[PDB]
Amino acid sequence: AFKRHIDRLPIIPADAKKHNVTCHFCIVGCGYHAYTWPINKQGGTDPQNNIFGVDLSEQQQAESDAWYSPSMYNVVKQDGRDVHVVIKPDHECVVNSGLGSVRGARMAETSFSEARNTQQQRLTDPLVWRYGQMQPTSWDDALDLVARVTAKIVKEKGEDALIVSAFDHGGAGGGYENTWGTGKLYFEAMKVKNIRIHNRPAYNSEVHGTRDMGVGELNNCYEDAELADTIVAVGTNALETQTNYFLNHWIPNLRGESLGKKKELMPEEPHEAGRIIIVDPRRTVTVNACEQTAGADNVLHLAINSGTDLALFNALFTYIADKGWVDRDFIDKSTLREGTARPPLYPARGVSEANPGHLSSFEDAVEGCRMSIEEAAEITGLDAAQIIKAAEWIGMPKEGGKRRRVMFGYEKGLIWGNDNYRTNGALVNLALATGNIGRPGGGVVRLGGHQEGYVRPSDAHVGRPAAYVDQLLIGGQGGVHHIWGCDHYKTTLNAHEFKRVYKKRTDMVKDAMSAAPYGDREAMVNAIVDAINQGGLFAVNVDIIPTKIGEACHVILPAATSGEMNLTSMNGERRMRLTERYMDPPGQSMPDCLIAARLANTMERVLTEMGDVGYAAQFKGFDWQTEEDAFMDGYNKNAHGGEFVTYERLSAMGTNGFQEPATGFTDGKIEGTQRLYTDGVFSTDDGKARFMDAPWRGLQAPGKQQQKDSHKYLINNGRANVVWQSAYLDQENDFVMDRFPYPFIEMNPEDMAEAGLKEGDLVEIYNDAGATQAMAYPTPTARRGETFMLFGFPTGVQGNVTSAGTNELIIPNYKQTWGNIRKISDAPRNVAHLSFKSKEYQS
Amino acid sequence: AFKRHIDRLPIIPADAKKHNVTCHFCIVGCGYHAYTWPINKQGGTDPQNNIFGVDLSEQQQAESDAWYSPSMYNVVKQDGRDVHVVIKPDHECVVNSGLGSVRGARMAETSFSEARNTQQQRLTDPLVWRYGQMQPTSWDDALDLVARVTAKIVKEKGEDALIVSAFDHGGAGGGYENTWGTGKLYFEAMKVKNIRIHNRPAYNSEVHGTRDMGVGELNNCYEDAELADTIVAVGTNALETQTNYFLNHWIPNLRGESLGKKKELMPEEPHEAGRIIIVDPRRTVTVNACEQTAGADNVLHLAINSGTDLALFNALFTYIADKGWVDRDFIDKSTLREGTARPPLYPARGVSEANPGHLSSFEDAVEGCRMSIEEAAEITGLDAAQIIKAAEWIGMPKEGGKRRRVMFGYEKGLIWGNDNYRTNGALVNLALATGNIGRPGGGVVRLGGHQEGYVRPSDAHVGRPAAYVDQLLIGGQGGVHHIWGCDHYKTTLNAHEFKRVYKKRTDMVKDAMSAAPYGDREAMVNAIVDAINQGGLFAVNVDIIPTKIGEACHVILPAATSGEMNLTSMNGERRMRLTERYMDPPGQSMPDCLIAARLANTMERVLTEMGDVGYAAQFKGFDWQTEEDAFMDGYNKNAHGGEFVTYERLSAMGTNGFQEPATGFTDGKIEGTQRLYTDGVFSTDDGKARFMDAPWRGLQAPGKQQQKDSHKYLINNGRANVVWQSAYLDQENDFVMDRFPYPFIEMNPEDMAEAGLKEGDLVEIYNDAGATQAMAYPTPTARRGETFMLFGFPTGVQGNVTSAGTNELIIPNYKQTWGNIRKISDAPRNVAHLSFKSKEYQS
Amino acid sequence: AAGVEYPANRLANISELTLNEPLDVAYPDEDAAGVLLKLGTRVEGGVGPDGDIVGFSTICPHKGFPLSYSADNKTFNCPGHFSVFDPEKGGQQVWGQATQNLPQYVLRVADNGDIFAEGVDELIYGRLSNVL
Ligand SMILES: Nc1nc2c(c(=O)[nH]1)N[C@H]1C(S)=C(S)[C@@H](COP(=O)(O)OP(=O)(O)OC[C@H]3O[C@@H](n4cnc5c(=O)[nH]c(N)nc54)[C@H](O)[C@@H]3O)O[C@H]1N2
Ligand SMILES: Nc1nc2c(c(=O)[nH]1)N[C@H]1C(S)=C(S)[C@@H](COP(=O)(O)OP(=O)(O)OC[C@H]3O[C@@H](n4cnc5c(=O)[nH]c(N)nc54)[C@H](O)[C@@H]3O)O[C@H]1N2
Ligand SMILES: Nc1nc2c(c(=O)[nH]1)N[C@H]1C(S)=C(S)[C@@H](COP(=O)(O)OP(=O)(O)OC[C@H]3O[C@@H](n4cnc5c(=O)[nH]c(N)nc54)[C@H](O)[C@@H]3O)O[C@H]1N2
Ligand SMILES: Nc1nc2c(c(=O)[nH]1)N[C@H]1C(S)=C(S)[C@@H](COP(=O)(O)OP(=O)(O)OC[C@H]3O[C@@H](n4cnc5c(=O)[nH]c(N)nc54)[C@H](O)[C@@H]3O)O[C@H]1N2
Ligand code: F3S
Ligand code: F3S
Ligand code: FES
Ligand SMILES: [Mo+4]
Ligand SMILES: [Mo+4]
Ligand SMILES: [O]
Ligand SMILES: [O]
């Protein structure tokens, strides 16, 4: 097991500088502080000599604010000088209450340090493909080349020849400054249609369903998870994927800690310890934790068949409506009453590709979705009794016939799950019918992935459905690709075919650049455009590390991330915070919004020189010199309630910040919105929510049923607790890579015995889409024929065996994947040190 | 300026484990010790508690043994535990006398550490190209793939289809164990013709010239540099490139420190302080150091024109002969007296490509070489009075008619210089004529590059001249390439064209392997061979880091280097030492010799399965389980005097070891050879040295005169004192990369001003062969029209502008390169922090 | 106890410094020879109103040879093995056998112009702890 052998840390001195830091990583947005002090200085054991005011010569007891781990300590550049830094979870943040996940708590250790030699992989310099390999160069030179090629191609073949892949998320690698910078460049100055997002291959929403129904997907507050009678958790592994929301808010509900608060905030109705329904085909550590804290009797794990959520939801909606277990008053006053005619091709297909489901009244949706317990048990594989109990835990009035309070949280098991649009609607149906939107203990919400920090111009030119960007590239279309803060080689669908063709097209342009003289920049640009005109691709990567897709790119621009820049973003309850810059960018690396600005400056200059003064003028309005200029040109001017928000005010609010939208500023406090839709006015023209007439139609994406029937195992996929995303930082972190040097594939031990596999064995997963590798991890809780592979991993990409298959709105159905498994090799030697024991906690 | 901010190092305890370590790096082979102790123990400041028996609470004075810098300290794995390690120069080693260079003093911080995060680039696992990128795998899997593709291709197309690039040098990435293991696989088990060496594109000697004459190139000891009357240093920058040989042995001579030892060892003649001739077109820090320690009076810097050494030497030879400043008895007793007829094609060409120079008597050579002082002055651009004075400093007798003692030293200014075979010969003529071989104060020697550690089966099958391997590869020949411990992408000649074609050919095999099923190995193998048959190349890289040529390779195998293994090598004195293992290989990396044995064992199995037991049996004799097995099978059985040398005996003799060849073993002491040719019997069938009839014939390599005539600047090239070789370790060492993030090109300030160039500017050097980049470094001492570019550097490869031009024996003529210089961009911001002052020390 | 505890020692006054003339100093004790130096230009680590006052250990980090200043090039020069250090660029080894750039002092200028050393950025020659 990897041990740091750091048996002593510098003590934070009492005059250390404090910065407010939101966690870089997941949706929960746990609060932290960065304490920096000069190298050559330290605090002392005595109370007046340390930031804690505490005698550090004494053992601290459990949950002490007066400790930190090695992973929280480092040395970084601040204003050109080496400083000590501790990045430490904030005890007074209501989000986390001093909790740090295995991810946030290693923010420090995953910061760039020359002095302590952490994350030396970090990009410090622009790189260009010339003289037979990648070569470092100046910003002026690299931007000039990107500008000249991008300008020539757009001018000869139109903006449709420019392909963009960019984050749209918050936190490190997004936020309001960065999305606005990128957004303004490609949507204001240009009208790029052929743009995709970090996690899906078109410019679409994850959740058009809930939005079309007029319910924004982040409509509750984290306290609602404390106040609910029942949590409904669909396609979420929250202990692993929303750790500190689960631990600091769901848990207190389940072991009865929130009872006092419930009785105080909601007197005149009964209250008992929260119960939880988990809809997930896989038994996760979350199911285990729930059983362990609430007792097995207060946990209903619906281990559905993969891709059968919609059947379950329709059946619950049907049962709940027939019983009259609904909020009549909420339905009559806040939802659409005027019935509406089913489209011609219903139920199999919606009216168009744009609108897969039928928006309607309560009564119409009940009749359209209508499904019996008997039918849903057959489809889902559940007992009738499990579906009835679930309807009871969701809908049955409490003693005195008081409405049951239910929080419905979903994530990627639904969103990357079967029939995204109708399944999303079917769940919202359940929350609308039970009046569990806009009220204490309620909500129908995305539990989320990244934090949120989206503000951009109109995207109306993109269309709906939007262009399937991967299929464009794979089919030889487009001339220039700008990639920002995503790595399709590890994370796109159909990733094997994607890499095969992406390598070929970028190689054509690499070969041309290697044979052309660079010193005559006009000859170079000509060779590149001539190769593009033969079906080649010129590819520009903006990132913080050498990416997998970067191995195929011609130009690489180094970015600075959260903590090396100021950054704004909101969490899963819309809690906006400012991360206050505590360190310098590594080398000449610069914030994404400013790279966007600098590139717009270069496009303007280059388009002037080419003649076209009209097109050149479109790249004006990018004179930003700090990220705060992006914030003020973007969020402040364009966000709902933006007028009330500045860095200075956000700073004052600290790691508790405020819940968007901001309603006012008064007495040095931004005034926020604790919950959306409390007045029962929804985000439609006429202010009523729509229900969804959303009948089950089996597996909806093309080839999916064929793939299931022709392959032996379900290749379920998703997150590990230890790993952050595509392991872009974790790959140079000995703590993580010591645990999983290969991606695990969780396999039933009987399934392993039958296939001749032992723990640690390198296996190939193969199907119609492609092939990949993983390390076999015996998992007693795995159902026979069902495996789970860690997604996005550099040493075995699960994406390689996902099909091109999407729903009508180009939503990648990653979770419904089936494949075969055969041994490549006996357990490699580098895996002998691994624990293969159960991840499930035991009493 | 990069600062470590390490205020304090652990004290080596009294009971630390001691290991004899020779420097990993240059020929000099400075003695060190590695002290290791448990991570949870340390030494005390009191004498009884540290390794020095000294009170460390008190400041130590200049040249203290009881100090070590931060770069000499790390934490490393030993028998699977973290230990402290200090790698310190041995004060008691006769080579260095406790000196460590800027290179050897950072052995510890260029070691692999998980705990202190040093050299995380180091390879831990076998990598195979599959699923669209490089993927870690098992040894068994990787070796099976390499062997199945190798066995199939040599079975189908012959051994001539297997191409090999491999180290032939000593120290780290070489040595007796590793040259033997690779040599036995490719020359015993097989008869590989199409093999090149790490620094030259055929299987040839750097110095056929001296060797054909019967003078092995390492014939003296380091003491002779202390005892010479004159040192003649030809195309050596010894202060940068042979640092502690210069500092610990040349300096004492030039300063008179040596006078006492001279008088004790050679009474019966006069002795003044040593003088020095430096033949180098460029004024180095070596010229400066010599002036500053012996005064300008005692230093003759002959700033010859590029590649005219042969003219200078023929004129010195002529002048010395005509004066009778020659050892008449040596010539008559120890050299060839028999006249022999010039070849028909003389003097333009030799008797063949194989023999470009004519071996003869003293008198035939003088008449052949015959050149006037006037003519050499024309060619060299020296003044007559410089050449005449150089003659006097070499030839003219001392007071009592006594012989002047002259050590003649050369390296890559000659060897990579014009007409390698003849220039090498012309220099040996001078040392032969003056009886300066096999006497105290004498020698005509390579000053060296790496340490030496060569033992291999016969290479008779390879031929002379041998195959120009790079031209075979560029011309689309060969199927499989095994690359061991070299990186042609940074260090070969004609490197731009090499990379253009190497990428296309390996790309063809990559596309095939991305498109084929891996888990079915036979189909993977057939897709590879079909791609090879279309003109592809399958490439295997054996290295310690991800190389530049490794970005084109299909299999990477991870090697363990010196210190992670026992390693034997000898210095430029033939001083053989054992480097004793002090640490563990990173991850699963294994010594090169054991990789060769494992590949041999796999070749045996694969060939047996294909049903060729006869070919399979050739791959026996590779049952080695440790590097010592390779030493005993190789050096012990095959080296001259090998039967006297074992690890145990070598260990007992410490960092002073013994000079090869070993003559016997007497009470715990291997007896060695201080000097070669002391009995005047040379390495020829009859025991006579031959002189060389070596007439000047201009720039002899094809296209060189054309390249001089058609380009504005000389692109001289070679070493920086800070940089070790191709910066394979240095590129992840902040100290080195802080100094030169770009390779410097030394340019005259007047030349820079005329070209609109300022300090730091990024410039393209381009010519007929290709193009590359460097950072302009203003150098007052540089002659106008004459630049010097750091070689082998990842961030700008000088090799790109070197032509394919070799001499008749396929020696690469790197140093005679001319190209044009244009600006790429203004000084990048990452050079702003650089010092641009003179490297020349000022009194 | 985790870090080295550096004394805040008085070295000189800003008034004691002549442009380009090293003032010989000891920090962090008597046996750690160094200099203060005004450079007449704004540079890395520089203090005082012009930001041109720097402090360096002046014992070669290679083998402990006392260094010597060249006023013409503004470089420390080692007569031991010919190392050159640039105190205009943070004491970068311009050429040399040290594995360290020249250990440099953390200077603070108080109101009266008294100059203080609070630490060193590299390991001083001949001590395994900067504070002994
Ligand atoms: N530790 C860690 N946390 C993270 C991240 C990370 O990389 N590591 N990344 C963040 C990001 S960007 C995101 S998007 C979120 C994702 O957070 P989650 O969506 O919670 O995580 P996943 O592992 O993608 O999938 C959750 C569950 O979906 C289940 N599932 C699979 N197929 C189906 C199906 O058909 N129906 C249902 N109902 N469930 C199904 C899986 O069994 C799995 O347990 O996590 C965020 N947090
Ligand atoms: N099979 C399967 N595939 C999936 C999923 C799944 O469940 N199953 N999940 C999908 C989901 S939900 C997601 S979120 C995606 C993730 O897909 P990606 O976005 O490709 O994955 P990340 O690892 O988050 O990629 C972030 C990249 O941005 C870089 N980066 C970090 N900080 C910065 C910064 O400040 N600026 C810039 N310019 N770059 C920065 C990182 O180094 C990294 O290369 O994967 C998707 N893929
Ligand atoms: N223009 C020009 N070109 C030149 C020269 C010149 O003067 N001018 N000089 C030439 C000369 S003299 C030389 S020596 C060559 C050098 O040419 P190369 O040999 O290509 O250069 P090195 O950097 O020594 O390469 C050593 C390689 O071996 C790897 N390595 C190190 N240790 C081990 C080990 O234990 N095992 C294995 N398997 N690999 C290991 C390193 O990671 C690195 O990739 O360059 C030549 N090229
Ligand atoms: N610091 C350091 N030391 C090293 C190495 C390293 O990488 N770094 N590598 C080692 C190795 S493998 C080697 S081979 C040696 C190389 O050691 P050297 O050969 O001493 O070094 P180079 O810098 O290659 O070239 C020596 C000199 O040749 C001169 N020269 C150029 N053209 C001519 C010419 O036509 N005639 C003459 N007479 N001189 C000419 C150059 O100006 C240069 O000063 O260094 C070894 N030691
Ligand atoms: S620490 Fe960070 S990763 Fe998520 S659970 Fe808290 S925000
Ligand atoms: S320390 Fe090493 S690099 Fe050469 S000069 Fe001595 S062997
Ligand atoms: S002590 Fe200064 S260079 Fe050796
Ligand atoms: Mo996500
Ligand atoms: Mo060499
Ligand atoms: O996401
Ligand atoms: O060499």
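For the record, the sequence lines run as chains Y, Z and X.
The UniProt record's numbering puts the first residue of the first sequence at 2, with every later residue one more than the last.
The UniProt record's numbering puts the first residue of the second sequence at 2, with every later residue one more than the last.
The UniProt record's numbering puts the first residue of the third sequence at 44, with every later residue one more than the last.
Every residue gets a Cβ at the ideal spot worked out from N, C-alpha and C, and that includes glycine.
Asked: Residues bridged to Y/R578 (per DSSP); Found: Y/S570
Asked: Y/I305, buried or exposed, once every other Cβ within 10 Å from all chains shown has been counted against 16; Found: buried
Asked: Heavy atom of ligand 4 within 7 Å of Z/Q708 beta-carbon; Found: no
Asked: Under 7 Å from the C-beta of X/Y49: neighbouring residues of chain Y; Found: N41
Asked: Short Cβ contact (8 Å threshold) for Y/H20 with Y/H6; Found: no
Asked: Beta-bridge pairing of Z/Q660 - partner residues as DSSP gives them; Found: Z/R576
Asked: Near-chain Z residues of the stretch 140 to 166 of chain X - C-beta to any C-beta below 9 Å; Found: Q140, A141, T142, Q143, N144, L145, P146, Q147, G162, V163, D164, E165 and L166
Asked: DSSP three-state assignment for Y/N734, whether helix, strand or coil; Found: coil
Asked: Counted within 10 angstroms of its Cβ, other Cβ atoms place Z/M397 as buried (16 or more) or exposed; Found: exposed
Asked: Exposure label - Z/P202; buried when at least 16 CB within 10 Å; Found: buried
Asked: CB of Y/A468 within 8 Å of CB of Y/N195, strictly; Found: yes
Asked: Under 8 Å from the C-beta of Z/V76: neighbouring residues of chain Y; Found: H6
Asked: Helix, strand or coil at Z/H25 according to DSSP, with G and I counted as helix; Found: coil
Asked: Closer than 8 Å to chain Y by CB, X/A69; Found: no
Asked: Which listed residue (Y/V327, Y/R197, Y/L360 and Y/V352) has its alpha carbon closest to that of Y/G340; Found: Y/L360
Asked: Span of the alpha helix (DSSP H) around Y/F331; Found: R329 to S335
Asked: Local conformation of Z/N527 per DSSP, three classes; Found: helix
Asked: Against chain Y: residues of the stretch 749 to 773 of chain Z by CB proximity under 8 Å; Found: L763, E765, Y767, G771, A772 and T773
Asked: Check whether Z/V802 and Z/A772 have beta carbons under 8 Å apart; Found: yes
Asked: Beta carbon proximity, Y/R149 to chain X, threshold 8 Å; Found: no
Asked: Residues bridged to Y/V764 [DSSP beta-bridge criterion]; Found: Y/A775 and Y/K824
Asked: Per-residue contacts from Y/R9 into chain X (C-beta, under 8 Å); Found: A44 and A45
Asked: Separation of Y/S515 from Y/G133, as counted between CA atoms; Found: 6 Å
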